[PDB]
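Peer 1: Quick check, what structure comes out for this input:
(2 chains, ligands or ions: 4)
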Amino acid sequence: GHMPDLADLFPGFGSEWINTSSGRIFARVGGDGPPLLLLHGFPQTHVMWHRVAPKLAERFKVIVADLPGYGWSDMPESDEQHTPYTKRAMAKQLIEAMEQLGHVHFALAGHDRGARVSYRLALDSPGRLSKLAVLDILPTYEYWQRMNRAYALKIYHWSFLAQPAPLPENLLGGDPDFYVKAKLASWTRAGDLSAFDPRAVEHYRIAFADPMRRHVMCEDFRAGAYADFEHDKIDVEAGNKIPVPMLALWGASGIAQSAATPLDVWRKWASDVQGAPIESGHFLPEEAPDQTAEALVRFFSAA
Amino acid sequence: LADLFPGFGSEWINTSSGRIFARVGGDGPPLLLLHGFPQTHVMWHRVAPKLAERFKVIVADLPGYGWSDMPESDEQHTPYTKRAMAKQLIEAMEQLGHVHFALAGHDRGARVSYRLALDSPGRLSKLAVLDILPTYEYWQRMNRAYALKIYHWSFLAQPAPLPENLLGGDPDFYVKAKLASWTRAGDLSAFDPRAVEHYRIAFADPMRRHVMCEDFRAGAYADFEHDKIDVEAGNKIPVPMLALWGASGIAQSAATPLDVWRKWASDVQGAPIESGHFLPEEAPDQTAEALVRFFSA
Ligand SMILES: [Cl-]
Ligand SMILES: [Cl-]
Ligand SMILES: [Cl-]
Ligand SMILES: [Cl-]
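Peer 2: Numbering: from 1, shown residues only, chains lettered A, B, ... in the order given. Ligands and ions are numbered 1, 2, ... in the order given. Dropping the coordinates below:
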């Protein structure tokens, strides 16, 4: 990268700045074999995969991308409908990025916001995917449908960060380090930062220290309250199911299981889905790296 | 800070939980007015004079708000539950010899008010609540649309110190954004600038902001459970009641306010006022006449 004091958490992996019509996508690229794209979420960057990507690179050509607007990827200017940070637009952009590498059909694993890009990609463009894995999420529509007093208090940030600009931007900008560390710790099993490599945390903190990066994150959640929700509602009410073979992995103490049985939910959205919990909080690839890596290796390797 | 209550004195009223500050004016039957979030007693400055033409008007800062003392909170946020606040204000009124009085409240103060009516109806001759539904009714309506509309009910109720830390960055911005965004105009032009300064100065103290978060923590937990018991018991406020709400306020957002209150009260009348949330400042003339006519009748 271009940040002198941030650590290289993928020894041996190359680096790519991939041009697209919507801006550059940064990625680390390693391994060889069938192509597998990995997508991080909030409030993280591509380095969240640093503990599982080497194991995956033993069997796949692994592409670890920063989401549009996150990490070192470019930050398109948003609009009144939060368009570039909708999962539909993010998926189109990452499809464009993968074509630049010559990948028109690939395997895909996503976590948190990246998992939302991933199932939206499967709904809009299923021919692009051989197999899909989503980590510690339910569909955005399903989160909102479960909204009640208990859900609103337990996962408040969906409604907070979706408030009109500049309300979340100005609240997060007073003490950004405290917020990003608080969010990282609060979703782990133990409720502290012990699950994370401190060098990865510094990546997350430096990203969050940029007000333009924080604005993108709020736009992500604004799309998640509005367009993404409207997009999802159209699919579930039409009975559209993802046909791509799918794996749902969630943490036993994560977000997706808060008030739902995740595999039953995903069977409503996908016609060929398997799933398993893992004893972990929300951050599966850092809290339970070996079990996550093995589940992904076995799923993506299965004939 | 400006004096916005001509002809009103200023009183510090002792209670077992700390002092209650109040402006006091007028003569005649006693009437207590209770403000809400993020304001102080000065929010009544445009209607209290007309009320003081007929009543002894007592304009109090809520426990922990404005210039009233801040009792220490606990793990169930007890002193800032509306049941506790009502008890403390009942004590303050007894210091003045008022054991039967009329009551009007707005926002948090309206929640103190209907809880007071449910707990101790003998204290009230009449009750007015401005731009609210019962706390239980907000939470039962907390779907996607409402969670986005009143996000602060969940945000300010997050465990300390998350909202405290975020509010400390730019407190002037937050109090001004809450005031502006709930009015019809969406700016601060409906408020007297001197009144806004009162609100800003109070919000500038981290101890006052913590109390407000404890208030919203009570609203998500104990207050909700207290309301739920009354719902399950079929309890209705027997005190004659007035529900005023802004046509573009919060109470009307996801519900029909008079239909809701008639499930909570056996003798309630009401009307919308063309106004956002802050009835006594956005629409002082219509609010004052409605209140005068109700508390005289
Ligand atoms: Cl480098
Ligand atoms: Cl998410
Ligand atoms: Cl979820
Ligand atoms: Cl309120």
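Peer 1: The closest residue to residue A:61 other than its chain neighbours - how many residues pack around it?
Peer 2: Closest residue to residue A:61 apart from its sequence neighbours, by CB to CB, 6 or more residues apart in numbering or on different chains: residue A:35 at 4.8 Å. The way it works is simple: take the backbone N, C-alpha and C, and place the C-beta from them, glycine included. As a burial measure, residue A:35 scores 21 neighbours (other CB atoms under 10 Å in any protein chain shown).
Peer 1: do you know how far residue A:35 is from ligand 3?
Peer 2: Residue A:35 is 27 Å from ligand 3, where distance means CB to the ion, to the nearest Å.
Peer 1: which ones are touching that residue?
Peer 2: A:60, A:61, A:63, A:98, A:101, A:103, A:106, A:107 (CB atoms under 8 Å, 6 or more residues apart in numbering or on different chains).
Peer 1: Could you tell me which of those are located in helices?
Peer 2: residue A:98 (DSSP state H).
Peer 1: Please report which of the contacts of residue A:35 has the highest neighbour count.
Peer 2: residue A:63 (29 neighbours).
Peer 1: Residue A:222: neighbouring residues, count only.
Peer 2: With other CB under 10 Å as criterion, residue A:222 counts 23.
Peer 1: so what's residue A:192 up against?
Peer 2: By CB under 8 Å, 6+ apart, the contact set of residue A:192 is residue A:185.
Peer 1: and the gap between it and chain B?
Peer 2: From residue A:192 across to chain B, the span is 15 Å (CB to the nearest CB, to the nearest Å).
Peer 1: Let me know the helix or strand that that residue is in.
Peer 2: Using DSSP states H and E, residue A:192 sits within no helix or strand.
Peer 1: which ones are touching residue A:6?
Peer 2: A:199, A:202, A:203, A:206.
Peer 1: and if we set it to 6 Å?
Peer 2: Taking CB atoms under 6 Å, 6 or more residues apart in numbering or on different chains, we find residue A:6 in contact with residue A:203.
Peer 1: At the geometric centre of chain A, which residue sits there?
Peer 2: The centre of chain A sits closest to residue A:114, judged by CA atoms, centre = their mean, with a distance of 2.1 Å.
Peer 1: about what we covered before: make TSV out of the contacts of residue A:35 and add distance to residue A:164.
Peer 2: Output for those, formatted as TSV (distance: CB to CB, whole Å):
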residue	distance to residue A:164
A:60	42
A:61	42
A:63	35
A:98	34
A:101	38
A:103	38
A:106	37
A:107	38
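Peer 1: and which of the contacts of residue A:35 is nearest to ligand 3?
Peer 2: residue A:107 (22.2 Å; CB to the ion).
Peer 1: now the closest one: how far from residue A:41?
Peer 2: Distance, residue A:107 to residue A:41, by CB to CB, to the nearest Å: 18 Å.
Peer 1: Quick check: phi and psi at residue A:131.
Peer 2: phi -150, psi 150 (degrees, to the nearest 10).
Peer 1: and the gap between the nearest residue to residue A:226 once chain neighbours are set aside and residue A:301?
Peer 2: Distances taken as CB to CB, 6+ apart place residue A:82 nearest to residue A:226, at 6.7 Å, with adjacent residues excluded. Using CB to CB, we find residue A:82 at a distance of 37 Å from residue A:301.
Peer 1: And the two? Which one has more around it.
Peer 2: Neighbours were counted for residue A:82 and for residue A:301 using other CB under 10 Å; residue A:82 has more, 22 against 14.
Peer 1: show me what contacts that one?
Peer 2: Contacts of residue A:82 (CB under 6 Å, 6+ apart): A:219, A:222, A:223.
Peer 1: The first one: neighbour count?
Peer 2: Counted with other CB under 10 Å, the neighbours of residue A:219 add up to 25.
Peer 1: Mind telling me what element it is part of?
Peer 2: helix A:211-225.
Peer 1: And the contacts of that helix?
Peer 2: Counting by CB under 6 Å, 6+ apart, A:42, A:69, A:75, A:78, A:82, A:85-86, A:113, A:140, A:161-162, A:168-169, A:172-173, A:207, B:148 sit against helix A:211-225.
Peer 1: now residue A:34, nearest residue through space, not along the chain?
Peer 2: Leaving out its chain neighbours, the residue that sits closest to residue A:34 by CB to CB, 6+ apart is residue A:60, at 5.5 Å.
Peer 1: who touches that neighbour in this structure?
Peer 2: Residue A:60 touches A:31, A:33, A:34, A:36, counting by CB under 6 Å, 6+ apart.
Peer 1: got the residue ranges for the helices in the stretch 1-150 of chain A?
Peer 2: Taking DSSP state H, counting those that start in this stretch to define them, one finds helices in the stretch 1-150 of chain A at A:53-57, A:87-100, A:113-124, A:140-145, A:149-154.
Peer 1: From the chain's centroid, how far away is the first one?
Peer 2: Between the centre of helix A:53-57 and the centre of its host chain there is 18 Å, according to CA atoms, centre = their mean, to the nearest Å.
Peer 1: Which of the helices of the stretch 1-150 of chain A has the highest mean neighbour count?
Peer 2: Across those, averaging neighbours per residue (mean count of other CB atoms under 10 Å in any protein chain shown) puts helix A:113-124 on top, at a mean of 26.
Peer 1: Next one: that one, is it in contact with ligand 3?
Peer 2: No. For a cut-off given as CB under 5 Å from the ion, helix A:113-124 has no contacts with ligand 3; the smallest distance is 8.7 Å.
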